[PDB]
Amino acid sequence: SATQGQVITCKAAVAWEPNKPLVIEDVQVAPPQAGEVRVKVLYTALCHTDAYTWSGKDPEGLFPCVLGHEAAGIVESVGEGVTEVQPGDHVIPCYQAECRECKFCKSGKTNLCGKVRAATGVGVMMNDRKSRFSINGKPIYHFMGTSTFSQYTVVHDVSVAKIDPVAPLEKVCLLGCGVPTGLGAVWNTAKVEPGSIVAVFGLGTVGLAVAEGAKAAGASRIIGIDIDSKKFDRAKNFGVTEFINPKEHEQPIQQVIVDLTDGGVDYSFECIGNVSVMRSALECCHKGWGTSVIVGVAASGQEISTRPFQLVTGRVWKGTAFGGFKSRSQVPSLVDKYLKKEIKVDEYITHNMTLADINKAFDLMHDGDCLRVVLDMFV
């Protein structure tokens, strides 16, 4: 190819400082080293995770950085010893790695591979503990091991899911975050049985995928809870059967739910990242067997609380990370399901913009009057 083994110069949205507009820059992208993959990022979506770090409220935040973690693209080059992917392969770079060999991958009880976490957590690559991005010979931090706000990114091979090349890249970029998180919270983490009564707190992309997962599981009732009643109508198509706006009830939300379900739900899913709501989601579960799954990522430092009698009396408290899906092994299977029209993906995208419109997409996300916004990186 033209770029193989060479430093690439491309466009990237750089966050020089927290809480300031992103700046589209020309960046240098170093070639991939051993166990690395350089990806042409065709489309990137954005989510609250990108905004949390950009805001300056993330203690793990490192500036200047290239944000972004939901993307689909094409392998431009591979580093030494890469064999699962080759140039030209269609891929989804994932924030959750799957080395297949560690304690976690070989456990059979989790998807939390820790192989590259010490490097990705500090915005660098494992091979040399340095970033592959630079502006004027000065490094720019990676983010979540993905950095999808760059036209070309360098990621660890263990994070690269190889997907069907016929799959639309402007759609499947969602399968690296929200959609599998929501579906897997139901299918892998909770393991929702047919006939279950489900409560979904937060009717955004994540809560809507939980609703779709619970509908595929054959839940008898899917109760949708949101503080914005305008989000109720779009929710019906994702499987939500009933709605509650907590602002319309003086009594605690858990009490409303308990009153409507003869003691509480079989499964609840908190899809917001609000510690108060996480307690309510636990407490709205039925005595004896009710299970609350935390999906929402709460701001660092915040605590969840309840009275232990809640768990002594049969309620279970758990959480999910990427819906318990193993990235390399299972993300391709989700793309296959989507192609066979077995799962929805397109319905979670409300807007399509271009890389130059990054700030406008973040403002729209900040308004909260959209679902996923997909950006075309090469307009």
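The numbering used is simple: start at 1 and walk along the sequence shown.
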query	finding
Of 183-191 and 225-233, the stretch whose C-alpha atoms average the higher B-factor in the entry	225-233
Selected stretch [higher average CA B-factor]: 109-117 or 203-211	109-117
Top residue by Cα temperature factor, when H156, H90, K287, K138 are compared in the entry	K138
Highest-ranked of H69, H48, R315, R328 once sorted by CA temperature factor in the record	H48
CA B-factor ranking of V39, expressed as a third of its chain	middle
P168 CA temperature factor, ranked by third within the chain	middle
Assigned third (lowest, middle, highest) for the C-alpha B factor of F243	highest
Entry-reported Cα temperature factor of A299, expressed as the chain third it lands in	highest
For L375, the third of its chain into which the C-alpha B factor falls	middle
